[PDB]
Amino acid sequence: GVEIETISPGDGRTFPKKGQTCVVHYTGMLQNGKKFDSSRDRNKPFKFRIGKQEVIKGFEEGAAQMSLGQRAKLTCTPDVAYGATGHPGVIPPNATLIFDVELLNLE
Amino acid sequence: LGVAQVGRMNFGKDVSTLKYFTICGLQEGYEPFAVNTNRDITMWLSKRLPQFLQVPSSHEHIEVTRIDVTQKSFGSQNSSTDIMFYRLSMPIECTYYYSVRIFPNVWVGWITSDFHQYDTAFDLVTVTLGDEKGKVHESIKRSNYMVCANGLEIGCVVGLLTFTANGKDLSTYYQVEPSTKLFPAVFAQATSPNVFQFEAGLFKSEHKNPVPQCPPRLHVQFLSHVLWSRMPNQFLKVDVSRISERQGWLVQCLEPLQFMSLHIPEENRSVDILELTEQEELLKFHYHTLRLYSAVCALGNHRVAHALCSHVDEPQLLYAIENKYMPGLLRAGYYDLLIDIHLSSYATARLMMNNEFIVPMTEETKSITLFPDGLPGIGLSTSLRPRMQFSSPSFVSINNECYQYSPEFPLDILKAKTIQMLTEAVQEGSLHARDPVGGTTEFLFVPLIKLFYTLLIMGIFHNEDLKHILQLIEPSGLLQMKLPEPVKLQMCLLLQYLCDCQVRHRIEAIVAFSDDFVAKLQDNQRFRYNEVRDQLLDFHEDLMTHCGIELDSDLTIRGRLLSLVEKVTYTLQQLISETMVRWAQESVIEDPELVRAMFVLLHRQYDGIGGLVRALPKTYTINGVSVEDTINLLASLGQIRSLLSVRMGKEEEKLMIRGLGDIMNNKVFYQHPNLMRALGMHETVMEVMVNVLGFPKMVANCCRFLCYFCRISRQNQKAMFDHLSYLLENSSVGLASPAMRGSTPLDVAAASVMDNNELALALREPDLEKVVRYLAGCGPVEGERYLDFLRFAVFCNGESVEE
Amino acid sequence: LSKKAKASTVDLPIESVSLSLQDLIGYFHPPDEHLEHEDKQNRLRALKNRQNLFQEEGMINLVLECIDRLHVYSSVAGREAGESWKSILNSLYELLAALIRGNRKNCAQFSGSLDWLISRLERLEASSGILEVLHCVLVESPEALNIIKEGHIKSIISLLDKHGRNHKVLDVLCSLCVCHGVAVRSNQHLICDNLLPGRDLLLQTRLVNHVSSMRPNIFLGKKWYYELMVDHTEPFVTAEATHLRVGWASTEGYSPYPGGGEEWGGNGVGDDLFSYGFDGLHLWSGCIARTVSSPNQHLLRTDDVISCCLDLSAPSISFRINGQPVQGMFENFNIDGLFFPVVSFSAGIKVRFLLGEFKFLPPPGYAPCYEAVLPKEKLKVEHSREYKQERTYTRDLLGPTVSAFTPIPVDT
């Protein structure tokens, strides 16, 4: 499915719950190394909610895997992501994502 | 320089360090270089590392031929035929053969671009892993890069690597490379001229887009590059802030300093942006790419604005504003791109709504004076001011990104940076600083003022910075300076918007006074009737007779308030006219749009009545209670005006019908035909209907709305009257006659007649002539529409209007 | 020439038609810029009248028939007639570019044969003329913008990847993008679906912090060793993630151009740099990072010490964290010249030199730089070959250069 290296450990045990605010900084470049998005770069700390089904499945399950303050490389399967159809303009068809995601706070 | 020697050069800026130039020089008449400027001058020194350059016609003598299997020959009839490397253009992704032929010592490999060895030999890599000790850990790397040595040799495709030689197989194939790129690489020790020929398809399968790819071909894009020694390259303008010690050695740099780069992807190599000032082909091309990006998100494609924000990433544009050495073409390009992504939607919305002036009668809109004993940027104006909303371009979510509004940006940070830019530019470019930011004063000034103008429109710069920039320009300087043509052609719109904001302030004040005055004279009407033949003739005769037998009621309170307004009608008005005449008396003018804008501003100065003449019959007041529907209809009507200029237009008609159905369902549209007639929105919808015809469901959706607009008031019916001849020439078959029957253009024309006797008497004879020309039937069915319209044309009132 | 070659060949003018053709190209020449305005309008009005005389005779259709019957060869007849072929084609497409550029009526008359011209666009020999004709048509006819569809545009996107990189293609595509006054939005949806997503057909911009690379001033050719220590990291000076690199190289190979060498300058990017430092502690090599893990899983954070050793009699490099094994890195690599630690970064980061002041020394190798101070210098540190040097008076300069332990007695 998806295999995610913890780059840096956070606190290890604090993995979130459906109903807890997923305050995150993240970014990510493509498999080639070209960038496509950086929530770091516009200085907006991103928020979402697992269970409320806001993000793609790979990012959702990776946020489920991690802990508080855990910078990690969330390389995800393309068919878990947009993948074949792609994001029409941003992500080309059948491209594998490479992330850099660290959780910030939980509510 | 030579071997180990030191340079020491002074390109101006160094009058304090002129060792001998005040002695002789300046006295005779010479000059330093950078006496005026603040900038340095970058220097393109020579490099060391060789990068494979294209093949000019101006070689010594080495000349490739382009021959269709797809062969490229050589010839080097010279003396020195020894050291010439030849790397090829386009790479391999990580099946298809590639054969090399020699006519009579020759290396063949597959070079990855990280290669700059200028040596004539076979010269030059085994990384290890661990299972905390290893035990496999080693199948990693050998490439640094790739070497083999009439022969026919093939490095075929897939993934792995293949070494063959004339049908035989040479040993030691390096069939391990997961994600690299390779070039078909053959060096040369040319023992003779006519030394190479190059090439069940070929590499045309691998590189280009299509992969059935059975016929192979060298395209024109395939070059045959020669690894020449060096090119001039830039100078790394600000580098080092080392703090360190020597007992402890606290070596430390604390630098926020970033590059600005790109890479041509087809011959992959990273190149910094601001070196490209001499690479003129690449300059022109990347300029046109920015111009295309500006063309793409033109006027509403907000989904694509999210797409370009994924590409070019707005803080990169923020850094592109500041760079005081980036060329003027890139400067104009990125200054256009920041506008055409993040600003122009709300900007053009307010540019469309700059002639509406409607304002509620609440408490804030009431305490406004006239000009007392130059500041148009006041705290005022809740005058319906169509509000701004934005998006946040993440790329993980859904819902919906196609109606989402526009991407964001650091607003106040941006305006503070533009203030810094304007002030510092005005301080610099005044003494003929012989190096502007982009090369001339045009690329210096023009898009800065364009960005400042479009930002000034958007309702930012609260009043402190307004005062700052005004009496920066006013002092009562910017406009007093000497300027080129398109700079002041830009600035005329600033002066436009200043006078227009003055008009807005003027009209909001007169609405406040009209509220106070109507309260007083309404109570006077109450007491004048309660004292007791002049009954109301539809309340227009009442106000007309009040102002008519009060053309000098007639109380002295009334006369005092009349004199109050006619002294309201009574220092920019000086200086605008003075400077327009001053410009036109000296600087014989080209670009006749500049002449147009100048004299429109000049007449608009001398006709301050006339703006108040043609502004007041388009304003209106709302109670304050039903303001939310007014905001919603102004938003809907602004986006339908933007929908007017799509133009085609095949699937945004869903949005059109949704907007029209909301305009139907809005409450204010029922009771306020003054407002709807004042917006000119019937003519908007009608011209949309014009553009649809010279046949989808859009037409009847428009005609339904026109007919429902014809049935709310009599003066509305007068408004919808006069389009008869064009609406008639449209109405031949246009709708209603498979079985649709709800509305049609002819149905609209009949909808503007039915009530009024006056409009029945107003209409004339060649219209009916055209109707009976259209009565030229042979069978059929649709003649019922013509006869029905004539039935509504003849009778109308219980007895036929006989003429 | 459909069936035969004799005489050879036939009454078949070459220089007559080409002379008349250059005459007709010079006939419809646009009015100049340095002409008076009334004379400009005279020439322009007579030019539009002379075009409208040709539209109502269908001469352009005759030109199209000549295009039909000339596109045969690839360069025949008596082969001086086949030697003027490029000139005749070039002049015919220039003439076709002449007869449209002013009138809206003529580019409205080109509603028909546009797709056939997009078919002929892949002749891959004469893209200039067909491209300019197509551009001048697409400007002034809002009729033909309603015509053109997906496969045409996909061919035009492929046209650059045939013929390299032409700005004129982008002028064409911008003309398709926006009409005289308006746009066509689905067309632009098609553009950004079919050209951008993949970033290969054209350029792409990106910025990164300036990378600083330093060295302790001493060439070193005997199992070598050194020790450094990270003090403060704070890895987000800007939203760019920063980096720390530790490794060995020589200047004989890899001219160290910061930013202008390999990607971003950096470290582990050439055939002398052999870098270290990650979290998931692997390395770079040729600016390629493969993925050595180790049982520490830590960054180069604020309290970290790195064991650093170079190996004698085996061209091998293996580094450790507080002495603990990081699954040893390099074995059997290249040898030339004299080496040095090239420890590099790009951030607001301070570090130290533990080269005499020590903390840590294991006996996997032993030759620290403090145990090679002897030849000329004392313990000094410089900034990686420094083709610049910065001041505020005058940035002075430097010449290029003049650049083991087995000495040479006199062989007697």
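What counts as what
- Counting of residues restarts from 1 for each chain and follows the sequence as written, so the numbers need not equal those of the entry; residues with no coordinates are not shown.
- Just so you know, chain letters begin at A and ligand numbers begin at 1, following the order they were written in.
- Chains on display form part of a larger assembly; values are given for the displayed part and nothing beyond it.
- Side-chain measures were taken over the full set of non-hydrogen atoms in the model, leaving aside hydrogen atoms and water.
- Residues with missing side-chain atoms are left out of burial classes, side-chain pairs and their counts.
- Segments assigned H or I by DSSP are reported as helices when at least four residues long, segments assigned E as strands when at least two residues long, and all are numbered from the N terminus.
- A radius of gyration in this sense is built from C-alpha atoms; the matching globule rule multiplies 2.2 Å by the number of residues raised to 0.38.
- Classification of residues uses two cut-offs on accessible area relative to the type maximum, computed with a 1.4 Å probe and protein chains only: under 20% is buried, over 50% is exposed, and between them is partly exposed.
- The contact criterion used throughout is that any non-hydrogen atoms of two residues lie within 4.5 Å.
- A carboxyl oxygen of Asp or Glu within 4 Å of a side-chain nitrogen of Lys or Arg is what we treat as a salt bridge.
- Two N or O atoms form a polar contact when they lie within 3.5 Å of each other; inside protein one atom must be a possible hydrogen donor and the other a possible acceptor, and for residues adjacent in sequence the pair counts only when both atoms belong to side chains.
- Under the scheme applied, nonpolar residues are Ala, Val, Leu, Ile, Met, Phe, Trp, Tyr, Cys and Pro; charged residues are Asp, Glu, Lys and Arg; polar residues are all the others, including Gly.
- Think of it this way: DSSP has to see at least two bridges between two strands before they count as a pair.
- For helices, the fitted line uses only the C-alpha atoms of the stretch in contact; every axis is such a line through C-alpha atoms, and the angle between N-to-C directions lies from 0 to 180 degrees.
- Each angle gets one of four labels, with under 35 degrees taken as roughly parallel, over 145 as roughly antiparallel, 65 to 115 as roughly perpendicular, and the rest as oblique.
- Helix crossings are classified by the rotation of the near helix relative to the far one: an anticlockwise turn of less than a right angle makes the crossing left-handed, while a clockwise turn makes it right-handed.
- The nonpolar core is taken to be a set of buried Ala, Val, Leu, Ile, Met, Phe, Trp, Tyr and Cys residues, with the residues joined through side-chain atoms within 4.5 Å.
- Think of a patch as exposed residues, more than 30% relative accessible area, with no salt bridge, where like charges cluster within 9 Å and nonpolar side chains (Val, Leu, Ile, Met, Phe, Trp, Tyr) cluster within 5 Å.
- Residue exposure ignores everything except the shown protein chains as possible cover, and the areas themselves are Shrake-Rupley values with a 1.4 Å probe.
- Charged residues are defined here as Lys and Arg on the positive side and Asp and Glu on the negative side; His and the ends of the chain fall outside this count.
- A single reference atom marks each charge: NZ on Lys, CZ on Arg, CG on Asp, CD on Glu.
- Expected helix span is computed as 1.5 Å times (number of residues minus one).

Peer 1: Would you explain the overall build of chain C in this entry?
Peer 2: In terms of helices and strands, chain C carries 10 helices and 12 strands. At 35 Å, chain C has a C-alpha radius of gyration far larger than the 22 Å of a compact globule built from 412 residues. Projected onto its principal axes, the C-alpha positions of chain C cover 95 × 65 × 50 Å.

Peer 1: What should I look at first to understand the overall build of chain A in this one?
Peer 2: Scanning chain A for helices and strands turns up one helix and four strands. Computed over C-alpha atoms, the radius of gyration of chain A comes to 13 Å, within 12% of the 13 Å expected from 2.2 N^0.38 for 107 residues, which places it in the range of a compact globule. For the C-alpha atoms alone, the extent of chain A along its principal axes is close to 35 × 25 × 25 Å. Looking at chain A as a whole, 52% of its 107 residues qualify as buried.

Peer 1: Explain the interface of chain A and chain B here, please?
Peer 2: How big an interface is tends to be reported as the loss of accessible area on association of its parts. Of the residues lining the interface, 19 residues belong to chain A; the matching set on chain B comes to 16 residues. Summed over the shared surface of chain A and chain B, the number is one salt bridge. When the shortest N-O distance is used, the salt bridge between A:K35 and B:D313 registers 4.0 Å. Counting across the interface, chain A meets chain B through seven residue pairs in polar contact. Counting residues per element, the side of chain A that touches chain B draws most heavily on strand β2 (residues 35-38) of chain A, which supplies four residues. Among the residues forming the side of chain A that touches chain B, the class breakdown is eight nonpolar, four polar and seven charged.

Peer 1: Which parts of the structure should I look at to understand the environment of B:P265?
Peer 2: Within the secondary structure, B:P265 is located in the loop between β11 (261-264) and β12 (269-272). Residue classification places B:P265 among the buried positions, given a relative accessible area of 15%. Here B:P265 is in contact with C:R199, C:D200, C:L202 and C:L203, once residues within four sequence places are set aside.

Peer 1: How do you make sense of the pattern of salt bridges when you look at a structure like this?
Peer 2: Side-chain pairs of opposite charge can arise whenever the charged atoms involved come near each other. Residues and elements named next belong to chain B. This structure, assessed with the given rule, holds 23 salt bridges over all chains. Note that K450 is salt-bridged to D336, the shortest N-O span being 3.9 Å. On the basis of relative accessible area, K450 is assigned to the partly exposed category, the value being 29%. We classify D336 as partly exposed; its relative accessible area is 27%. For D788, the salt bridge goes to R791, with nearest N and O atoms at 2.5 Å. One end of the pair is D788 and the other is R791, both in helix α27 (residues 783-794) and three residues apart, which spans about a single turn.

Peer 1: What am I meant to see in the sheet that holds β2(A) here?
Peer 2: Note: strands within a sheet are paired through backbone hydrogen bonds, in either parallel or antiparallel orientation. Residues and elements named next belong to chain A. Within the open sheet, the four strands sit side by side as β2-β1-β4-β3. Their pairing is antiparallel. Of all strands in the sheet, those bounded by a partner on one side alone are β2 and β3 (71-72). Here β3 runs beside strand β4 (residues 97-105); their pairing, made up of two bridges, is antiparallel. Each bridged residue has a counterpart across the sheet, and for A72 the counterpart in β4 is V101.

Peer 1: Would you mind showing me how to read the sheet that holds strand β5 (residues 152-154) of chain B here?
Peer 2: Residue and element names in this part refer to chain B. Spatially, β6-β5-β2-β8 is the arrangement adopted by the four strands of the open sheet, whose pairing is antiparallel. Both outer strands of the open sheet, β6 (164-165) and β8 (196-197), are each paired with one neighbouring strand and no more. Inspection of the sheet shows strand β2 (residues 99-102) paired to β5 by three bridges, in the antiparallel sense. Bridging across to β5, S99 finds its partner in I154.

Peer 1: Mind showing me how you'd approach the packing of helix α7 (residues 411-428) of chain B against helix α9 (residues 463-473) of chain B here?
Peer 2: Geometrically, a packed helix pair is captured by the angle between its two axes and the distance between the axes. Residue and element names in this part refer to chain B. For the pair α7 and α9, the least separation of the axes is 12 Å and the interaxial angle reads 15 degrees. When the axis of α7 is compared with that of α9, the two are roughly parallel. In this structure, α7 crosses over α9, and the sense of that crossing is left-handed. Seen from α7, the contacting residues are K415, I419 and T423; seen from α9, they are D465, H468, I469 and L472. Residue classes in the contact of α7 with α9 are distributed as three nonpolar, two polar and two charged.

Peer 1: Sorry if this is basic, but what is going on with the interface of chain B and chain C here?
Peer 2: Taken together, the 97 residues of chain B in the interface contact 92 residues of chain C. Secondary structure elements with two or more residues in the side of chain B that touches chain C: β1 (45-46), β4 (126-127), β10 (251-254), β11, α2 (280-296), α3 (302-312) and α4 (315-322) of chain B. The residue makeup of the side of chain B that touches chain C, split by class, is 47 nonpolar, 32 polar and 18 charged. Alignment of β11(B) against strand β1 (residues 205-206) of chain C, held across two bridges, turns out to be antiparallel. Each bridged residue has a counterpart across the sheet, and for B:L262 the counterpart in β1(C) is C:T205.

Peer 1: I tried to follow the nonpolar core on my own but got confused; where do I start?
Peer 2: Side chains of nonpolar character tend, in soluble globular proteins, to be buried together. Ranked by size, the top nonpolar core spans 126 residues in total, and within it B:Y334 and C:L96 carry the most contacts. Not counting residues up to four positions away in its chain, the partners in contact with B:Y334 are B:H286, B:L290, B:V312, B:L317, B:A320, B:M326 and C:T205. The next biggest cluster of nonpolar side chains, apart from the first, holds 54 residues, and it includes B:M353, B:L675, B:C710 and B:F721.

Peer 1: Please explain the pairing of β12(B) as it appears in this structure.
Peer 2: All names here are of chain B. When β11 meets β12, the two strands line up antiparallel, connected through four bridges. What sits directly across from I264, in β12, is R269. Hairpin connection from β11 to β12: four residues lie between these consecutive antiparallel strands.

Peer 1: Even after reading the chapter, I still don't get a positive patch on the surface, so can you show me in this structure?
Peer 2: Taken together, B:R242, B:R246, C:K378 and C:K380 make up a surface patch of like positive charges. Note on placement: B:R246 falls in the loop between β9 (232-233) and β10.

Peer 1: Which parts of the structure should I look at to understand the pairing of strand β12 (residues 348-353) of chain C?
Peer 2: In the case of a regular strand, side chains alternate between the two sheet surfaces. Across the six residues that make up β12(C), a large majority, five, are buried. Bridge analysis of β10(B) against β12(C) gives four bridges, and the strand direction is antiparallel. Of the residues in β12(C), the one forming a bridge with B:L254 is C:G348. In this sheet, β12(C) lies alongside strand β3 (residues 225-232) of chain C in antiparallel orientation, the contact comprising four bridges. For C:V230, the partnering residue across the bridge sits in β12(C) and is C:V351.

Peer 1: In this structure, what is going on with helix α16 (residues 627-644) of chain B? I would like to understand it.
Peer 2: For the α-helix, the turn length of 3.6 residues means that residues three or four positions removed from each other point alike. In this model, α16(B) (18 residues) spans 25 Å end to end at C-alpha, consistent with the 26 Å of a helix rising 1.5 Å per residue. Residues B:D629, B:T630, B:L633, B:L634, B:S636, B:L637, B:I640, B:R641 and B:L643 constitute the buried set of α16(B).

Peer 1: Would you take a moment to explain the side chain of B:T418 for this structure?
Peer 2: Residue and element names in this part refer to chain B. Structurally, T418 can be placed in helix α7. Relative accessible area serves as the criterion here: at 11%, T418 is assigned to the buried category. When residues no more than four places from it in sequence are discounted, the contact partners of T418 are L451, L455 and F461.

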